[PDB]
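Every read-out reported here was derived from the displayed coordinates using simple, explicitly stated rules and does not represent laboratory data. Virtual Cβ from ideal backbone geometry, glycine too; neighbours counted across all protein chains shown.
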Amino acid sequence: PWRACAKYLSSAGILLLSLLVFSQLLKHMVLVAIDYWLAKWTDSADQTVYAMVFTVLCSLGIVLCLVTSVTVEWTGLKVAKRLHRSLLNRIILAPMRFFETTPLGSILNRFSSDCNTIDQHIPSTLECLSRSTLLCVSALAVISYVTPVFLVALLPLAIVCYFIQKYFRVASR
Amino acid sequence: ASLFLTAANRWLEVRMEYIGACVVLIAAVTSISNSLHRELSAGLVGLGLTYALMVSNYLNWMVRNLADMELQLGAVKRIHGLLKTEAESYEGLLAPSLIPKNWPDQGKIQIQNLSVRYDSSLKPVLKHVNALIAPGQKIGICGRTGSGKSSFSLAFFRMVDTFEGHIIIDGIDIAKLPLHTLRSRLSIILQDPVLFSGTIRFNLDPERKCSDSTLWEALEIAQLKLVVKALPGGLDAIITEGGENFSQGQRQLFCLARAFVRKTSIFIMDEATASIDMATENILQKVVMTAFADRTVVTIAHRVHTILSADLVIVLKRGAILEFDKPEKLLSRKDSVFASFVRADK
Amino acid sequence: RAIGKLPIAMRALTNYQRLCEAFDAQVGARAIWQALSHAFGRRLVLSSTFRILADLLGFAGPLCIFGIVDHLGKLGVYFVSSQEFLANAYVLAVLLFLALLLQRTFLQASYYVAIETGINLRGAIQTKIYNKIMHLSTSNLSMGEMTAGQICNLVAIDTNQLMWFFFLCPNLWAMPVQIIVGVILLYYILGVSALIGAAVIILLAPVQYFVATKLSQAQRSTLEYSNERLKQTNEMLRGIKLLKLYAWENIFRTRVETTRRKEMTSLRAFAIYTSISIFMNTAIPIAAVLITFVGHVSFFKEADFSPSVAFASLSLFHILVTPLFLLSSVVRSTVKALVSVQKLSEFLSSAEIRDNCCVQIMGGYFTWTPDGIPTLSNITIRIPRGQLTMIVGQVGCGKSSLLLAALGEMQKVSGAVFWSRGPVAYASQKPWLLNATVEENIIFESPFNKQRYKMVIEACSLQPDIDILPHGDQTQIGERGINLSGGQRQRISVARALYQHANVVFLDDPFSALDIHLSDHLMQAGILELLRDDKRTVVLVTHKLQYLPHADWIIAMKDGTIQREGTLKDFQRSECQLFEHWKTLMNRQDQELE
Ligand SMILES: Nc1ncnc2c1ncn2[C@@H]1O[C@H](COP(=O)(O)OP(=O)(O)OP(=O)(O)O)[C@@H](O)[C@H]1O
Ligand SMILES: Nc1ncnc2c1ncn2[C@@H]1O[C@H](COP(=O)(O)OP(=O)(O)O)[C@@H](O)[C@H]1O
Ligand SMILES: [Mg+2]
Ligand SMILES: [Mg+2]
């Protein structure tokens, strides 16, 4: 964890961030509850309580998906606003000795491509990152639920995941 | 480099999805072993097999979006590394109602033992200079290149830092002033032509404060009214980016016309008579010495005959004032620096 | 090094040779797309057929669910049958594992060949953009119509947008075959209860039509406001010295804040339609399980609610839902490719270039504008071999434009051009620098010879300026590296145009940014010393008429024409009003000009 995710969360604040983590967490917990109620429904052999609980829990799933999509786009618009209007107002008060030292295309490259990355490319990647790793840890949680024998198998796959990830990341940088 | 970054990014994902297919196999065989000789359910085995298929569907998106979040978080780290830069401290030490409304009523520029550097680690570019200018005086400064003559006009505006010396204008020190009040009530014109796009009426008036009468008089006194009247915008003609609709001297004359809008008592000039022709330069010298007759003008001369009609000539060499007198008093004396400047011309 | 060299089929000039052969048999943006499909159809259909072969092999997942938990709910004496073989959980798990290994390695091969196609596309259209640049006239840049930051913004964020579209488009090509064979497998597992869910799968066409057309005009207005913002920021920060000295930075900050405000309005529109595209693309499968499980136990005869068809349908809906998530980024990069090809074909249809004496322009007419009155009228010049000439005029009277007509950068309305065109050495009124070393700036890909290099340094007196530089001669200057004086880069640009060994040396005001002493050193150790000894033809417009006695020819210009050419005695003989205007201007009234 670097300082840039700390400045990303400080520019996001607390108010969108609590809804950001908790709408995603209940948005995956409603889906784990939906197919856990389906796995209660498959051992039938009490009738039409299961389909009504299924209907109201997928209504809870579609409203948590709704509030998840507008909270990731609301923090995308808020950090797309507030990482401008401070960079501009802290490069507009810079001295002339700063411009005489630094190359000008570096500052214009910061104003073009990195601000383009911040408004466009970051919050869709943040949605697929949060949704992919929260589906992944809900998958690991519910595969630890159905068997205890996967919990002694989880340690070689995680140690080869950490070893192959560190051994790759020293080439990838 | 993009192909090797590509083949690394497919190598990691082909190993990690091989590990994910092995996760499908080991969850499959322990769930059918625990449903073979024990009893879980039917549906719990199908749930565990389904989410074992889901973690092989989503492990590549976990590792690829973690790498993309690192690679796109580096831009946030570079924007934050730019964002921790310094400032200029635009608000001064003097109180903002200590100044009058007409602050530069006249020119009483007192140079009292001034010396500047550029940065904190290099030399004093100017040594200890001393001058005081009467408020009608159309004085000039000549000297060699690299003498600090552009740097003294930068030292009027505190662009460079004044580590010793008290430059006092009208009884008010320059270092105790707000900088927007300083650089709004004082008009430099640079040697280099800097011209934005948009149009002429944007370019002389960026903040919509002047009428067209004083703008057309500013185009008349910059020897420029005929080409703006020939070009069919009629003050709304498009100058392009960098001023490349026009010539280099036309860019210089447009920069001088943007200097002529803001009526201050001091029009400090650098060599804006550089890179124009001598006929319109001398006609422009007679125009600015009929127009700004009450105003103090201080010029840096590129040519040494437009400083010949000045009130006083301050020849600067290597940081210090060498000569400080009337131009014919510096001409009629000893074979000096100003006499060799006018001698090496003709 | 040891990344190494490249393969010959992945070379640019082999790529763009295939695109120029695809540019033939075309005799527009649709022609650009037809040349791109004819150039790169084969590797793209290899990528798309690897995504045919994966994800149809991906539908052995829910087939193995339908094997395994249907099994767990439950001569010809040592032989097993095929129905006995394909209803056993261990061999169905091993077959699931082999099918998932082969499906993930075919997905990785599809992603590799699509990114290799996009990399070769990026190399071919980068050198196609450059081959448009080397024929491009300055008149489509000087009077508007693009900026240099916009032409760099092409290769910055349009070549990469077309590259990311060629990354993403096999998912566009092999999305709907996975949709139609997946709904046939939904019909195979549980029948007509899944045909209710076929209605919410066929309802993606409003949210691929209306949402994407709203995103299309939102992204077009976004890129128009962003090019306005980048052009205003680039013209802000180059003029930061005059912008701070005039205290105009709050006005220009207000101007770019209003441009950022209109760009944030279009970002709000693009944001809201992207957020409802993400909401519809993740909200239809969770509605699809609701309508198939209310169509299972209501409105239809309950034929088989097994666990097998339930978890086979939920795993089949999860592999019907997991390719569906990418589609907002697919239509994002699709419409950024469409405006990329539209602005690229707008750039690629721009206007282009067309007696002991070198240059013999006789009767020429020249215009900056494609459709305007000519800035240069009828000119008749003769520039003799080995001799200096000078162009003397006022401001704005055709002096640099006479050189730019003689280079060929001006368009030629009428007249004739006669040379000997050879290589002409030239340095403008605005000096031009590279981001290499100062020794690479002076030499400019010539052979380095230190005697001539010392002759052109100490001719134009650069040695204290090299001595003040921190790495000496090996500093890199320009836009990167270290900023310079303004008087340094004028001498660097005219010291580049003495090392050329070119017979015609054009100059466009070298004595602007210098004093009298360095101009006297260039007049007395640079020009008239090195160039008389080679007998190189020099052309030098100046206003410094003290050096006009050192002239073999004088061109006088006013108002786009030439008034007279010839020598100083010819201007003494008959152009005596201009000669006495020069005599009153020069203040050598006691003496003569000769
Ligand atoms: N890049 C350009 N695009 C369009 N028009 C131009 C351009 N440059 C110059 N012009 C027009 O052509 C005329 C001649 O300008 P020219 O190019 O000769 O500069 P110049 O007169 O040599 O400059 P200077 O007097 O500063 O040496 C000018 O009046 C100007 O209006
Ligand atoms: N931006 C700068 N930063 C540091 N040093 C500079 C800068 N500009 C100029 N100098 C140095 O200070 C001296 C100032 O001279 P200057 O006013 O720039 O030109 P002139 O030769 O017209 O006096 C020059 O010799 C130069 O070496
Ligand atoms: Mg200077
Ligand atoms: Mg010119």
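Some observations on this one:
- Computed from the Cβ-Cβ distance with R0 of 60 Å, the FRET efficiency linking B:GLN137 to C:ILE202 stands at 0.10.
- Basic side chains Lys and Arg get +1 at the Cβ, acidic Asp and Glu get -1 at the Cβ, and with that the dipole of the range C:290-395 about its Cα centre reaches some 320 debye.
- Each other residue within a Cβ distance under 14 Å of C:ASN503 adds +1 if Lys or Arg and -1 if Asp or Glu, for a net charge of +3.
- Dipole of chain C, positive end: most advanced residue of C:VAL200, C:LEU338, C:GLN108 [Cβ charges, Cα centre]: C:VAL200
- Between B:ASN113 and C:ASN587, the FRET efficiency from the beta-carbon distance, with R0 = 35 Å, is close to 0.40.
- Take each residue of peptide A:143-154, count the partner chain Cβ atoms within 10 Å of its Cβ, and average: the result is 6.
- Highest average first, the peptides C:503-511, C:571-579 ordered by how many other beta carbon atoms sit within 10 Å of their residues are C:503-511, C:571-579.
- Using a Förster distance of 51 Å, the FRET efficiency for B:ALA87-C:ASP24 (Cβ separation, nearest 0.05): 0.30
- Label-zone membership for the range B:176-206, site B:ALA237, 7 angstrom Cα→C-beta point, backbone N under 11 Å: B:200
- For the range C:218-314, the relative contact order is 34 percent, taking Cα pairs closer than 8 Å that sit 6 or more residues apart in sequence and dividing their mean separation by the residue count.
- Per-residue packing, averaged as other Cβ atoms within 10 Å, sorts the ranges C:315-321, C:218-224, A:103-109 into the order C:315-321, C:218-224, A:103-109, beginning with the highest.
- Packing-based ranking of C:270-278, A:155-163 yields C:270-278, A:155-163, ordered from highest to lowest mean Cβ neighbour count within 10 Å.
- DSSP bridge pairs, the protein assembly as shown: antiparallel proportion in percent, nearest 5: 55
- Area projected by the alpha carbon convex hull of the range B:26-135, averaged over all directions, nm²: 17.7
- A:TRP2-A:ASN89 pseudo-label distance in nm [points 7 Å out on the Cα-to-Cβ vector]: 2.6
- Dipole in debye (nearest 20) - the protein assembly as shown, about Cα centre, beta carbon charges: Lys, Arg +1; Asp, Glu -1: 900
- Rg/Rh, computed from the Cα trace of the protein assembly as shown with Rh as the Kirkwood radius, has the value 1.08.
- Positive-pole candidate from B:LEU44, B:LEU82, B:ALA21, dipole of the range B:1-112, charges at beta carbon: B:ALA21
- In terms of overall dimensions, the range B:190-332 has a Cα radius of gyration and Dmax of 16.4, 51 angstrom.
- Dipole-positive endmost among C:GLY144, C:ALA60, C:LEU95 within the range C:27-172 (Cβ charges, Cα centre): C:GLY144
- 37 Å tail of the calculated P(r), chain C, as % of Cα pairs: 57
- For chain A, taking Cα atoms only, Rg and Dmax work out to 22.8, 81 Å respectively.
- Expected 222 nm ellipticity per residue - DSSP helices of 4 or more, -39500 (n - 2.57), all of chain C, to 500: -18000 deg cm²/dmol
- Taking label points 7 Å from Cα along the Cα-to-Cβ direction, A:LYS40 and C:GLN17 give a separation of 7.0 nm.
- For the pair B:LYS346 and C:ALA525, label points projected 7 Å from Cα toward Cβ lie 2.8 nm apart.
- Sparse packing (at most 10 other Cβ atoms within 10 Å of the Cβ) combined with a DSSP loop state is found for the following trypsin sites (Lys or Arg not before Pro) in the range B:99-188: B:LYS101.
- Sorted by Cβ neighbour density within 10 Å, fewest at the top, the residues C:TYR78, C:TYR111, B:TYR118: C:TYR78, B:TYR118, C:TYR111
- Here the dipole of chain C is about 720 debye; that uses its Cα centre as origin and unit charges on the Cβ of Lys and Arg (positive) and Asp and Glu (negative).
- Helix-only [θ]222 nm of chain B, DSSP H runs n ≥ 4, -39500 (n - 2.57) each, per residue, nearest 500: -13500 deg cm²/dmol
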